[PDB]
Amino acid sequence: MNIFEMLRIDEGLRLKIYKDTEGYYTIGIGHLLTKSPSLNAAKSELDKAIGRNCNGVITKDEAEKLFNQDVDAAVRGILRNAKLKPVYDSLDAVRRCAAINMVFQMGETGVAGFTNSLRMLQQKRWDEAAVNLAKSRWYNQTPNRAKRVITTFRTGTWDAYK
């Protein structure tokens, strides 16, 4: 298991524009296109991302390329973030995957709400961090995925994905 396999499980693969759990236009392996309600706006974003006129449909190769770019962007965002980088660097490799998973799903705009969770993770207080992480809109709205990510932080194993 690695971050790509983990997120492929959590996000699935769809080759035509779909809506994510929040109702936003998405494609591929969880690639957000736009928060606008306009399907045309989503189609423009798709064509820009792929570099051709797609008509809302991509190939598996294209979905996997977008996915690699999106995982890399999440990692680089962590490494550029003064609050996230020290916590990330304190983690083992399996727990780093859980961190990337969260940033892939939620970005960085809500990092400050996770200040206490981040402190508990850096302190390696795994059970306490798991309890704190579940006190979130994230957990309530996507509980099965959040439970898998939280179990990964709690145990440092891939047990939730096996």
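Don't overthink the numbering: it's just position in the shown sequence, from 1.
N53, present in the displayed chain, carries coordinates in each of the other PDB entries compared that cover both sides of it, far from a third leaving it out. Compared with other PDB entries of the same protein, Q69 is present in all of those that resolve the residues around it, none of them, let alone a third, dropping it. Comparing 105-113 with 119-127, the higher mean C-alpha B-factor in the PDB entry belongs to 105-113. The question of which stretch, 96-104 or 31-39, has the higher mean Cα B factor is settled in favour of 31-39.
Per the deposited record, the Cα B-factor of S136 falls in the lowest third when ranked against the other modelled residues of its chain. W158: CA B factor in the middle third of modelled residues in this chain (values from the PDB entry). Sort the chain's modelled residues by C-alpha temperature factor and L46 lands in the lowest third, per the entry. Per the deposited record, the Cα B-factor of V71 falls in the lowest third when ranked against the other modelled residues of its chain.
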